[PDB]
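Taking the form deposited in one PDB entry, here's one chain by itself in structure tokens.
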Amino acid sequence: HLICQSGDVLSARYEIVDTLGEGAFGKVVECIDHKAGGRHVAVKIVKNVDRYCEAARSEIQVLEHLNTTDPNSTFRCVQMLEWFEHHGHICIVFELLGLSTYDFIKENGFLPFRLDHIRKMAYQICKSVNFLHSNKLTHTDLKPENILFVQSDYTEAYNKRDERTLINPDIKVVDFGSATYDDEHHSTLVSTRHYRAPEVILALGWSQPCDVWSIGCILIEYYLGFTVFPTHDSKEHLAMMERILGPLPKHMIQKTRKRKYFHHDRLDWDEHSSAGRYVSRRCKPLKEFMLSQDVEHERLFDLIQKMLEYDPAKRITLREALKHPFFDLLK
């Protein structure tokens, strides 16, 4: 807040007019670009933390590569316009987007998206991340907060109360600070808890399939308006998985160094604990979360179940996901 107040012309070009987001990462601000004719842009002001300078370095590198391969943004990665240093911070300039998909559900009284909208968003997410995968990249940090609408405009109509309906459901993918190349160093802990794959938690090594898991979790949240993994603990997360998807594969449990979670190669979960009772009443088999048994609902959950396959070697690829009957209605 000391160096990012309104009116500030960062690096003698970018007039700050609003702050859009704040956190440990730093801040995202809306700016007028005077040398681009007042066109509004988003500027990520990176915190002076070592971890976030490294992520910033890597996001610049990844997007310079991606925006160069896909300059028209056919595969819906956010465009990076430029980067610089100002007041000792790294600043990354992006095309301005709208509300995140998370923010939208939130601001809509936690109402889920309509299925026709989920199909379009799911297709665009899969296309985007499949493009990354074809370029030897894993995003690792896919979540509703990192899926942003191009335009946040909505119409309002009484339904309970007023419903908000997107004028344009199109999305782009953001935050490439954790994106990792196949041949480069893999961090052990990746993703925000609610969205990390079992192979990540169990430290079994990860690659592109861990993105597929995250998307599976995102689609559930679009369909329900809430997460099915409401936890802040690894072992509890695993227990939630077991209740929703069934027990972990034995071969995965035998291979993990995470012995602390297990006892005799079974999850060491105490069902007489407070956590135990909480998991039992909040979680249930995946198919029980369905709101309808109509064909297209069955198709979404068939796809979701494939995406949430425990074994990453067996998990559906995004290339295969794009061929799923759920997307047929897009033709």
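Residue positions are given as counts along the sequence shown, with the first one as 1. Rigid core: the largest C-alpha set superposing within 1.5 Å between the two forms.
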Between neighbours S73 and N72, residues that the deposited sequence lists but the model omits
none
Using only C-alpha atoms and the B-factors in the entry, which stretch averages higher, 254-262 or 185-193?
185-193
Taking the recorded C-alpha temperature factors, which stretch has the higher mean, 320-328 or 3-11?
3-11
Residue, from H40, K306, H297, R282, that the PDB entry assigns the highest Cα B-factor
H40
At the C-alpha atoms, which of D302, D268, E288, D50 reaches the highest B-factor in this entry?
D50
Within this chain's modelled residues, let me know which third the CA B factor of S214 belongs to: lowest, middle or highest.
lowest
Would you mind ranking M80 by its C-alpha B-factor against the rest of the chain and naming the third, lowest, middle or highest?
highest
Which third of the chain does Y158 land in by C-alpha B-factor: lowest, middle or highest?
highest
Can you tell me whether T165 has a C-alpha B-factor in the lowest, middle or highest third compared with the other modelled residues of the same chain?
highest
Within this chain's modelled residues, let me know which third the CA B factor of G88 belongs to: lowest, middle or highest.
highest
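Below, we turn to the form deposited in another entry, even though it does not appear here.
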Superposing on the rigid core, does the Cα of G37 end up 2 Å or more away between the shown form and the other one?
yes
